[PDB]
Structure formats: structure tokens, C-alpha cells
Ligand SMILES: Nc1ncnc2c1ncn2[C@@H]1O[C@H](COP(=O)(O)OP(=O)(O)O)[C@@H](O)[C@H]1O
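One chain is shown next in C-alpha cells, namely the form solved without adenosine-5'-diphosphate (ADP).
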């Protein structure tokens, strides 16, 4: 009734306003900052606001209304005071300050967090590390710290703070920390790439484990890695690049290396030249790049700009790092040779005959065969033909040679490239792991970093896979929060409380169910005489016509989707919202198989290094398989969650972009968690907080009470219904919005309140008697228990 509400605002996310009219599915909002600029808002996008716009709470569960708008506002208020960390129960929200706050990462701050329960100290990444450690020690259970966030949202720093905390507190200090950190330029060179939104985007799932012995002291580290994006190895959109290594090598290698590896500017390589072929450089580093390394695009448009990234300089830094971890020059050149081998492989072309290598591809073939230690003719044969048995079901068969069509030769070529680069990546990670090895360990605490949920104007198979991965991570996040809440309710003695849980298993099944899931239907399309993206798409809609999580593109509200045919796409209703996928190329992106004779070829390279790299399943199903391995690992651990937030797109300090942060809160699954928490008691406050809030309204008799008994007296005096309000062991718990209702009761009728408090007097007096009476009886029993144990 005149209360402020949050309503949508295109750059702040939400703005404060008043409801001045109602409609069937909308509200008319008058913004507080405009006398009459009223606008319409969907009802479910309008949220109640905290009356105190200057309130700042360390746990958003302390809010009187817990919702996405009040959460957004609370972290905004906190960010304005340089308080970058805020909890939602045990979940840590971390907003990147974009400047150094040494104070809160000092040795003394580290020490202050040791052994402290979460919430006895201000919110901090250190409290998350310490909780993981205490649960690991107590429960004999490895731990995962699962971090979400956009590339550049402060995740790398956040992982470093955890590692710093764990090694300094519970290990031998800087040693393991430094080894893990110093190796990072190497991982980034092979696993990170420029994408449309992010200059330095990690394209693999990274789980950095700190291992401990049975005494819970750190013995070493291990980087587990998952799901390197393979399709980027061979092709990229025009605003994206292949892995950083390719450009660092081209821009930075000495002329002698350039000659030996037959490198030249990136526009000369198919595996680079569909993407952006420009280097990251500044005015000075550009002068260090030989002109023979520069593509026409670079020469015309100039370099890409970044405060940190620089292809020439990063090549140098990478080299330095390789020495810093004892990677000699021979192994280094082995790495570079395989990289260039892959580049030349991609330049080979074919033409109809089966098919042949084009004559103009003879140089590319020679370089590829030399770098990969293969026979030229053998390679030419294995790229253009395959072997098959003349039977399939056990009858006596023989081997035949089957000529490949041009398109199959292209595939064989790209398949070889992807498997070679992927095995090389595997090798780099293992090599990094050799920098902090350990014989044995009892448990680990690991930090997960992986690309989050995303969407663009055009979403293809790559986005589908990423969002699938995130849909499954969100399910894991939801289960674990659900479990923590139910456990908390039991620990607080709240009684029987079934929490209503809308699973997203149906969305997950739409994608991955055997036979009928989208991935299996895509696989099925490969088996048809004339595979097509359109038939695959129609089959999805046909099989799932009644599915809640699936729609044709026409059903989208957006105008950009209105002309997409039913057989050209589909919409998935993900946890973070609806995504329209255009299905063109889904069939081809689903295939990257390497036929056996060509794989055998590379496996038995003349080169020992290449052989050591290696010493019928679709892309979608390998993705599902690897994703499931990632989940198995997570499911075997106790889990803690961090949501890293990027405050703006300009790497600037003190600049909170509300709509961008709201979008991240949604894409990170924080809104999904809040929706989940509404089924329980999402608001709660300690007796101490309630005491400090409300003692001013109480007689002095009551103010002298300890906080729990004060709150008992108040709770009892008011006669609150037992469904909405629960008196816990350490807190009062509220059903959604009921703390606000409690607050309104406390303010709305002083004369009623005074009489209710007067009437509680007898009960309060008895309760206080019984407190000291039963305490004395307790002391006696503890006295007797000592005597009992001594007999």
C-alpha cells in the first residue's frame, strides 16, 4: 500500500517505483525518480523492495524480502563500500573490484579466518576455503569449490586466493602455490582463445586440486581437465581465434623457428583464416613483430587491443614459464613442431577423381608429413582412402581399401587435426602436473572453472553443448543447496519440512536421454541415406511435441526468431531462460571421427614425442560422456559454491552495471537457487540481530534479557502462526516475506504490542525460572557424569 517496489530498468536491471495501476498480466509502475513517466511491467518482474535503501547485510538471507532485485541491490550497496563478498546462506557472491585490496588478503586476514565457522566472520573467499578444509578433515571427504562466472569475472584471482589460503594455512607455504601459478601461461597458451565477448576465454573445464595426507597437510596438486573445445581447432567465426598458442608462435618465433616450421602469417592457414587473424599488440609490441608475420587484416585494421594480452610478449612469457618449470628447449620445440604440423595439415585440399590431394597441396603435405614424422605417400593414402572389413557380423571377412569422397577426406583431415591437438593439450596438462607431484593422498580440495551458460543472437551446436553442461551443473547446484537447507532446518530443530522442488531433470532428459534425447536423435540422423539438419530438427519436434521444455522458434517473443522455420531450429527452456538454437550445421558438427588407418598412422609416427602423445562415437555423445565423468567427480565430493561477478565490461573500478550483473546472477543459476529457497525458509535472523533491531520498542525489563530469551518472549507475546514463523536453535526462520510481515507487526500498532508484551509477563517469568533451574540440574548431571565415568 504505497510500499516501494523494484521494477525493470534497461541499464540498472531494476529501478525503484510505485504500483499505480494493475492489468491482467502487467502492473503500471511510476518510477520514484520521475513524476509521471509511468511504464508497464510484467507482474513476475516486479518485486517488493527493502524499505531501507541503505541497508547492507552480509547474508542476503537476512533480507526481509529475498529475491533477485533485493539481492542485486544488497550487493550493489555492499560493492559501493568495497565489500565485494556477500553470502546467500553458504553460497559466496564475489564481485570483481578491478583494483587491489591487499588488506583483505594479508597473512593476518588469512590467520583470522582459520577454524572460524562461516558467518562468524565477514563474508570472504577464505571462509569458503576453510569450510571445505574443516569438512574434509572432519568427514574424511574430498571437497569441490564450484565457481561460476564470465571469463574475466575475477575467477583466476579467486582460485588463487583459495590456493593461497590452503597452502599457507595447512601446508608449507609458497612452494606448491608458486609451482601451480607459474605454470598457468602454459595452460592458457594451449587452452584459452579469443571469443566474441572475451579476449582470454578458457575453452576447457579445469579442476585444480590441492591434495592432502591423512593428517590433512598439503602434499601436492593436480590439474584435472575436461572437455577441451575441439571444433575451434579447425574453424572460428570472424570475431574469434584459434587457441592462443597459434598466434603467439606466429608473431613471436625466431626467424630460424619460422623457417624450420614453415610458418607465415595466420591468413595462410585454413585452421586460422576463417577467424580473426589479427594479433593482440600495442604500439611498442607491434614494432617487434616482423612484417612477414602480419596478415592483411592486421595491416588494414591494426592490432587487437588488451591491457594484458599481447601475442609477441605472451610468447616470450610462455617461453620463460616453460624454463621456470624445467621444460627444456627440445621438448619446447617438440610442442611447437606438433602445433605447426597441425597448421600445415589443415592446408591440404582434395578434388574429385574417390578423391586425390590437389597438386597445389603438395607443399602442405610435405611439411605436415615432415613435422608429424609420417611418410608422405602413407599420409596421402590415409587421407584419401580408408580400410574396411568385407563383413560385419562374424563371417570370414577380408580387408578392402575404400576411396573417400572429397568431403570425407576433409573430415579425415580435420579429425586427425583435432585428435593431434587434443592429445598435445593432454600432454601439456600432464607436464604441468609433473611440477607438483605427490606419491599418495587421502583427500583433495578442488576448484572448478568452466565456461558458463551463454546465448547470442545466433546459437549453434557449441552453445547447445555449453548450455547442456551448465544445465547439468545447475541440477547439481540445486540438489546440494536443497540438501544443505533441509539439513540446516533439521539442525535448527524446525521439525518436519518438505521443501517443494521443481527438478530440471526433464530438460536434461530432453537433451541426453538414450534413443529419444536430442543428442541421440542427432546421431540417428547420421544413419539416414540423406542426413539433413532439417530432418533432424523435425524429428526432435515430432518426438517431443508435448514437451514442456521444447518449442518451435516461432513461439519466441523476440522478433529475430519470427521467420525461423520449424525445421530450422528449436527453443530449449533452460534453467536460466529460453534459448533459441539454429540447427544449421548440427549434423556436421556432430561428426569428428578419425577412421582407423589414419589414426594408426599418427600413432606410429617416426617421432618418439608424437608416439608418446598417443601412448564411431559422435561429438555430442563424447561430450555427454566426458561431462558425466566431470559430474561423477563432483558428486563424490562435498560441494561449496562461489558466483564470480563482472561489474562492467570496461575493467573499471567502482562501476556497478546493474543490468549486466542481473543477467550474470540469472546465467550463474543464483536466481534458480533463490526460487528453490522459496520452498523453505529463505529468510532468517539470529537472536542477536533481532534483539538489536527491536529492543528499542520493548520495555527495559525485556532489554536486559539475553537475545534468545528476548526473542522467545517477543515471539511468544505476538502469537505468530506456526507455519510462517519457526523458532530455531540459533535463529528465527521465516517463510518468504514473513520477516517483512513480522517487521510490520512490530511497527504498526504500539498499543497492541505493549499489551501483548504485558500479557506475556507470567510466561516470561516462568521461562526464566526454568532456564536457571534446568541449568543447575544440568550442572549437577555433568558433575555426576564425571563421578559416573570414574567408577
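Positions refer to the first chain, counted from 1.
Beyond the structure shown, there is the form solved in complex with adenosine-5'-diphosphate (ADP), which is absent from this document and is the topic of what follows.
- Establish, in the bound PDB entry, whether 457, 467 and 581 all lie within 4.5 Å of adenosine-5'-diphosphate (ADP), using non-hydrogen atoms for the distance. Not one of the three qualifies.
- Message: So adenosine-5'-diphosphate (ADP) isn't shown here. In the bound PDB entry, which residue out of 268, 90, 151, 666 has a non-hydrogen atom within 4.5 Å of it?
- Response: Answer to the contact question: 151.
- Message: So adenosine-5'-diphosphate (ADP) isn't shown here. In the bound PDB entry, which residue out of 408, 198, 441, 605 has a non-hydrogen atom within 4.5 Å of it?
- Response: Going through each option in turn, the one that passes is 198.
- Query: Taking the partner as it appears in the bound PDB entry, which of 247-255, 560-568, 344-352, 92-100 has residues with heavy atoms within 4.5 Å of adenosine-5'-diphosphate (ADP)?
  - Reply: Careful reading of the contacts points to 92-100.
- Flag residue 656 as yes or no: does it have a non-hydrogen atom within 4.5 angstroms of any non-hydrogen atom of adenosine-5'-diphosphate (ADP) in the bound PDB entry? It does not: once adenosine-5'-diphosphate (ADP) is placed as it appears in the bound PDB entry, residue 656 has no heavy atom within 4.5 Å of it.
- Find out whether any non-hydrogen atom of residue 631 is located within 4.5 angstroms of adenosine-5'-diphosphate (ADP) in the bound PDB entry, and reply yes or no. Outside the cut-off, so no.
- Task: Look up in the bound PDB entry whether residue 156 has a non-hydrogen atom within 4.5 angstroms of adenosine-5'-diphosphate (ADP), and give yes or no.
- Result: Yes.
- Message: Quick check on residue 84: any heavy atom within 4.5 Å of adenosine-5'-diphosphate (ADP) in the bound PDB entry?
- Response: Residue 84: yes, in contact with adenosine-5'-diphosphate (ADP) in the bound PDB entry.
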